[PDB]
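The residues making up each chain are set out below.
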Amino acid sequence: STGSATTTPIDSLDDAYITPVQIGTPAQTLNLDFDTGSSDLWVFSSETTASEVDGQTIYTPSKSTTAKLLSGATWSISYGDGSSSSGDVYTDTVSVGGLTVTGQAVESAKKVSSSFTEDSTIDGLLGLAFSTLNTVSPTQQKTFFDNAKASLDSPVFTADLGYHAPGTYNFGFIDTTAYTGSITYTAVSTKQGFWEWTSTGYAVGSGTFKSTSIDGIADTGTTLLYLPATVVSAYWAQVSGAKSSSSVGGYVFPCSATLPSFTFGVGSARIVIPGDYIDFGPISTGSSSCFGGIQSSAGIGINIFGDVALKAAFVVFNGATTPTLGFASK
């Protein structure tokens, strides 16, 4: 089997991407944030504290003939941005782009933090990291991908995120028309539960390539590119007037700037992030100070190849017995 679904930016900055997901019988379609940096499929629901729902579409398990309470199971998750959610668990039928999993754990939120409430466009998350990170207790649950894997034509999914435009998540096949040149594959460590890999270096603009190992995670659920302070300083030094602002919470730059590209290495291959992808617009409405899309990972404890990086590539998440990651230009 295979699946193919379009993923759409939630706003004009590509802050996140939503993908429609069918849950239950009859189908209830919710727009979920596919997150290769976590492993829980959770939704706003009829059980979510009413004051914490503000515009989201909810899953109502009592209206699904295939929903079953997973008795005794609870979940609770905290994300790198300080947001969080928790609740109980149902199993139900879940379909993405025509690919169906029966008995998928659907984690129903009883509580969500303010960041989730305030984002009317995201109805929940669909985790695509390794199932070892799933938070369901006392019986850990599998991701949608883990459940689908044996049925797929090939044990893979691909992320093809757009810049200010829709893109595609495919399951079970590689669309050879969706990228240019060849796909370069690179080793993955699953030791921390992430799609963790090592970039071979970087370049800023038209500058020379610096060969240096950068360990990090491929994370569709993180907006920006978070890299070591040395690398980030070298990038922003090429932008007149750019500076790290403790008050804003990162590097800012004059909105009048033209940003240089940023290249990262995948083996001997190179992925080029155009300068415009690194612009996250005014820090507040009407400001001439703009927020940068490349930020320091110092104090996160891990480097994160988030959407800024991933949207410059066609990315293969290969879930074979020994997982790997593939990157192609597009």
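Residues numbered from 1 in each chain as written, not as in the entry; some residues may be left out. Heavy atoms only, no water. Residues with missing side-chain atoms left out of burial classes, pairs and counts.

Some words on the overall build of the chain
Part 1 of the reasoning: Scanning the chain from terminus to terminus reveals four helices and 24 strands.
Part 2 of the reasoning: A globule of 330 residues ought to have a C-alpha radius of gyration of about 20 Å, and the chain, at 20 Å, matches this closely.
Part 3 of the reasoning: Seen through its principal axes, the chain has C-alpha atoms that stretch 60 × 45 × 30 Å.
Part 4 of the reasoning: The long-range fraction of contacts in the chain, counting pairs at least 24 apart against all pairs at least 6 apart in sequence, stands at 66%. (Helix = DSSP H or I, 4+ residues; strand = E, 2+ residues; numbered from the N terminus. Rg over C-alpha atoms; globule rule 2.2 N^0.38 Å. Contact = heavy atoms within 4.5 Å.)

Topic: the state of the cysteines
Part 1 of the reasoning: A complete count under the given rule lists one disulfide for this structure.
Part 2 of the reasoning: Here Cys 255 is linked by a disulfide to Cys 290, with a sulfur-sulfur distance of 2.0 Å. Looking along the S-S bond of the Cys 255-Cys 290 disulfide, the torsion reads about 110 degrees, which is the right-handed sense. Here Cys 290 lies in strand β20 (residues 289-292) and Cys 255 lies in the loop between β16 (250-254) and β17 (262-266), a separation of 35 residues in the sequence.
Part 3 of the reasoning: On the accessibility criterion, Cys 290 (4% relative accessible area) is buried. (Disulfide = S-S within 2.5 Å. Buried < 20%, exposed > 50% of the residue type's maximum accessible area, 1.4 Å probe, protein only.)

A short note on the pairing of strand β12 (residues 196-204)
A regular strand carries its side chains on alternate faces of the sheet.
Part 1 of the reasoning: With respect to burial, β12 is a largely interior element, seven of its nine residues being buried.
Part 2 of the reasoning: Sheet analysis places β12 next to strand β13 (residues 210-218), joined by six bridges and oriented antiparallel. In the strand pairing of β13, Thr 198 is matched with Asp 215.
Part 3 of the reasoning: Linking β12 back to β13 in an antiparallel pair, the connection comprises five residues, with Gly 205 at a positive phi of about 55 degrees. (Pairing = 2+ DSSP bridges.)

Quick word on the pattern of salt bridges
Part 1 of the reasoning: Tallying each qualifying case throughout the model produces two salt bridges.
Part 2 of the reasoning: With a shortest N-O distance of 2.8 Å, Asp 14 and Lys 311 are connected by a salt bridge. Taken together, the residues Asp 14 in the loop between β1 (3-9) and β2 (17-23) and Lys 311 in the loop between α4 (307-310) and β23 (314-318) connect sequence positions 297 residues apart. Across the pair, exposure class does not vary: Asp 14 and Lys 311 are buried alike.
Part 3 of the reasoning: A salt bridge links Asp 160 to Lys 330, with the shortest nitrogen-to-oxygen separation between them at 2.8 Å. In this pair, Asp 160 sits in strand β9 (residues 156-160) while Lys 330 sits in the segment after β24 (324-328), placing the two residues 170 residues apart along the sequence.
Part 4 of the reasoning: Take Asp 160: its relative accessible area is 16%, and that puts it in the buried class.
Part 5 of the reasoning: The class of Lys 330 is partly exposed, set by a relative accessible area of 39%. (Salt bridge = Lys/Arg side-chain N within 4 Å of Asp/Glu carboxyl O.)

Quick notes on the side chain of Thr 220
Part 1 of the reasoning: Topologically, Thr 220 is positioned in the loop between β13 and β14 (225-227).
Part 2 of the reasoning: From its side chain, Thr 220 meets the backbone oxygen of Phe 34 in a polar contact 2.8 Å long.
Part 3 of the reasoning: When near neighbours in sequence (up to four residues on either side) are disregarded, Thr 220 contacts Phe 34, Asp 35, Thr 36, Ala 159, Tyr 169, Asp 307, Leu 310 and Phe 317. (Polar contact = N/O pair within 3.5 Å; in protein donor to acceptor, adjacent residues only side chain to side chain.)

A word on unusual backbone geometry
Part 1 of the reasoning: Look at the link from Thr 25 to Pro 26: it is a cis peptide, with omega at -10 degrees.
Part 2 of the reasoning: Mapping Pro 26 onto the fold places it in the loop between β2 and β3 (28-35).
Part 3 of the reasoning: Phi at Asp 14 is positive, roughly 60 degrees, even though this residue is not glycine.
Part 4 of the reasoning: The buried category is assigned to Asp 14, whose relative accessible area is 0%.
Part 5 of the reasoning: Even without being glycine, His 164 reaches a positive phi, approximately 55 degrees.

Comments concerning the nonpolar core
Part 1 of the reasoning: If you look at the biggest cluster of nonpolar residues, it comprises 68 residues, and the most contacted ones within it are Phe 171, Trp 236, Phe 262, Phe 264, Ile 273 and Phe 327.
Part 2 of the reasoning: Ranked by the residues each element gives to this core, the list is headed by helix α3 (residues 229-236), at four residues.
Part 3 of the reasoning: Non-local contacts of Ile 273, meaning those with residues more than four positions away in its chain, are made with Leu 225, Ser 261, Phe 262, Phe 264, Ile 278, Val 308, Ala 309 and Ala 312.
Part 4 of the reasoning: Among the nonpolar cores identified, the runner-up in size contains 17 residues, and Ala 73, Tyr 79, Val 89 and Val 136 belong to it. (Core = buried A, V, L, I, M, F, W, Y, C linked by side-chain atoms within 4.5 Å.)

Some thoughts on the side chain of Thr 60
Part 1 of the reasoning: Relative to the elements of secondary structure, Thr 60 occurs in the loop between β4 (41-43) and β5 (68-78).
Part 2 of the reasoning: The residues touching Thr 60, leaving out its near neighbours within four places in the chain, are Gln 28 and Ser 46.

Remarks on the pairing of β23
Part 1 of the reasoning: Of all five residues in β23, five are buried, a share of seventy percent or more.
Part 2 of the reasoning: Neither face of β23 is exposed, since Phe 314, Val 316 and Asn 318 on one face and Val 315 and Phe 317 on the opposite face are all buried.
Part 3 of the reasoning: Here β9 pairs with β23 via four bridges, running antiparallel. Opposite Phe 157, over in β23, you have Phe 317 as the bridge partner.

Remarks on the sheet that holds β13
Part 1 of the reasoning: One open sheet accounts for seven strands, arranged β18-β17-β12-β13-β22-β14-β21; its pairing is mixed. What marks the edges here is a single partner per strand, and that holds for β18 (269-273) and β21 (294-296). Ignoring strand direction, the axes of neighbouring strands in this sheet form an average angle of 45 degrees.
Part 2 of the reasoning: On the sheet, α3 packs against β12, β13, β14, β17 and β21 and is oriented at approximately 140 degrees with respect to β21. (Axes fitted to C-alpha atoms, helices over the stretch in contact; angles between N-to-C directions.)

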